[PDB]
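Per-chain residue numbering starts at 1, and chain names A, B, C, D and E are given in the order in which the chains are listed.
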């Protein structure tokens, strides 16, 4: 969705309804903004460099939070205080308590919108990135439980009868042998090193390509056997009592699944109210950009005639050409006030 | 039609360089290297390969700067053996591989000249493949790069110096603009030489030389953001060789942003899915670690053809990855930082 | 209060300068041109141009910063008035 | 002092490993970097600070920034460099506060 | 002083020259020295005198593996400027500095 907002001052407010007579172009809504504080000539044109930067900086913040909508579960449900973007564009007005008109419009009204948008930009970059870390560790949850017997954790293949306790003179090592060299390892598991148990070869779990077995040995002959296991294409992985901490990591797979869900409703309630505040902040900054450059392009007896427009699709070449003739006799880019906004979020 | 010939002159050497493919380390050879805990034990696990008894004479304190220098002196004596037995359709091709190292040594030989040095940088500080032990007038040319540039035209890099006048390298151009303008003229002359040799060596090699012109189209325009070289200065650094030539190089010379080089790689579906390095994550592969997985994917595909010259260039660029992988295993072992020890490229 | 600045510019861009200077300051200026006679010459900047007088008042005292970049962009030379 | 001798024990471990990442990508640049030195970028000025009337010479670093290694690599590397430059300029900012 | 000098190593100085500490004025000297395996201890002592008696050298960095070769030389330096810092290297982190002996 696109949008175009153009003011055309000098009755004069009845010629804005004549643009609604061209039914193929726009509906030409009013979208009145209240009277603001004037009284500056140097600071009026000096604010035009700051208001252009504020309109572009606040546009990228709300467009970066709309990209985060795909991570919570394309979706267009971002209402602005129980109101759609099209329903707010036909009923747009000043808040007068969040953007006060008693204060100065150039400096003070913009700084209250600037400091509010900068805090919401800070709270969206600092808080939402922390929830990506618990989801980044959740990417490593299935990564520890994927692949063959070597790449997978042993949280589900554990058994108390598969290892030798009282390890003062014994040690149980989880060895992996391929399916093609299983018979070659069965005749060589006892002859890999000295003082090896020749009958403890028990395949606990097997895969499609290899088979994981247990091999008991002494405490001193664990290193020379594993060095000979690399020559005999046998994969020996270390084992310890951290499976009870991997059972705590089996609960941490459910704790991070709980930490994702407990932070889902908290962040979706945060993105629903902050993006609606920032989209109304860019809407207030566009009207500040529309209140500016209208008292300089047109005369300032008291105040210029306020007017706005509505969106259009595929007839903008005919809409700009039909407005080119009515605006070329006004003056001596476009010949009048024009600000191209993007009604779409993505 | 190139198959019933090509065993006349190049039949013994092709079977030799495919015998050196069987010595390139497999995945199971790497999985025994990552279990090593000291560089003294890496000397043991490398002896079960074909590398064996190559570090048996150095020292008992085994540092990583000896393993790196002894690995790459084994690739030189395997390349120099296949060049000294080469015949002229293949010896002209094997000299085109050494021009990527003659370019990296000529530039090293003019920095000492601009800073008034001599042959003391020549012997210890140059790559042995592109080496100047003949053309002995280079070895005594102490002249400040004007009577020395008249000696570099007595060198096989003479045909590439037709875009670098001797006044340009005399402090007029940056030392990397002299590199990549020679490397632009090197790839475009090596692509034409690999097109004259037609048949199997023009369809198993020009896909490799197209990606090499698109690596240096993407990596140059990404590293040219903060520096002071204009868009017309990097448009003459793009080699006119790759897939990106009439259209991507028109957009890459106007980029000014990393997001403007990401949506010009989206037009080419081989280069998107390679632009998913995405270094905002703490631990993952970057862009050039994903361009190295594609450099060796095209290099393994050259061994699926048989009667062609591309089996020799795809061995030098896969024995160079051996000197980058085993040193990376050795540099994560000597520092005991082996959590990123799996960030190598598993070639075979 | 303030708002007077005096300079000179060539006649080959005097119509192109006043068209661009109005769009940059968003109006609020009074630029009255004044043509000249047989051409003068400067050493480095302007060679053999029949120039013209130029003054941009604009009454701003911060639009001078909007008139300092536009004066050197069209190669206009100002003087203390 | 002793707290920042164990702080530079891990900063110099990360910075020396970042050089190991940069030689993995871009060849060997240990002859281009050593040869191309003309002017320095990070200098120091001696400040004075006093406790109980006895002045102590202290150092404060500053950057007169023109990069002599702005183009280094640029076709191979360049992303492992300029994060090696950050991991050693951070070490110089620490080692001047130790000095 | 105003410069930072490094004796270091072959891999140490090429990391610090990328930091931006090296300056070349060929009238006097360069402000570093790459120490290889085939430099004598007599060459390390000579450049260590050059960095102490120079005016703009304010901080001296040196690896502790190299500093034990000239351990008799830097203990003779008992002045306030320049600061001789001892930095780790490959497989030679830190045992005891000359500054922590002064306690």
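Criterion: a contact is a pair of C-beta atoms (placed from the backbone, for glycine too) under 8 Å apart; a residue touches a chain by one contact, two chains touch by 3 or more.
Trainee: Counting one step per pair of touching chains, how few steps separate chain C from chain D?
Mentor: Graph distance in the chain contact network comes out at 3.
Trainee: When you check each chain against chain B and chain D, which touch both of them?
Mentor: Output, common partners of chain B and chain D: E.
Trainee: Which chain pair is joined by more contacting C-beta pairs, D-E or B-E?
Mentor: D-E
Trainee: Compute the distance, rounded to whole Å, between the mean C-alpha positions of chain B and chain E.
Mentor: Centres of chain B and chain E (C-alpha means) sit 35 Å apart.
Trainee: What whole-number Å value describes the gap between the mean CA coordinates of chain B and chain C?
Mentor: Using C-alpha averages as centres, the distance is 58 Å.
Trainee: I'd like the Å distance between the centres of chain D and chain E, where a centre is the mean of that chain's Cα atoms.
Mentor: Taking the average C-alpha coordinate of chain D and of chain E, the gap between them is 15 Å.
Trainee: Can you check how far apart chain A and chain B are, centre to centre, with Cα atoms defining each centre and the answer in Å?
Mentor: The answer is 39 Å.
Trainee: Among the residues of chain D, which are close enough to touch at least two other chains?
Mentor: 13, 16, 67
Trainee: Find every residue in chain A that makes contact with two or more other chains and list them.
Mentor: Counting only residues that touch two or more other chains, chain A contributes none.
Trainee: What are the residue numbers in chain C that touch two or more other chains?
Mentor: none
Trainee: Would you please name all pairs of chains that touch?
Mentor: All chain pairs meeting the touch criterion are A-B, A-C, B-D, B-E, D-E.
Trainee: Taking the touch rule as given, give the residues of chain B at its contact with chain E in the complex, in rising order.
Mentor: 63-65, 334-335
Trainee: In the complex formed with chain A, which residues of chain B make contact?
Mentor: Listed in rising order, the residues of chain B that touch chain A are 28, 31-32, 35, 45, 48, 281.
Trainee: Name, in rising order, each residue of chain E that touches chain D in their complex.
Mentor: Per the stated touch rule, the residues are 1-4, 10-24, 30-32, 34, 58-59, 61, 80-81, 83, 85, 87-90, 93-94, 97, 99-100.
Trainee: Which residues, counting only chain A, touch chain B once they are in their complex?
Mentor: 136, 230-231, 233, 235
Trainee: Could you pull out which chain D residues touch chain B in their complex?
Mentor: 13, 16-17, 20, 23-25, 27, 31-32, 35-36, 67, 70-80, 82
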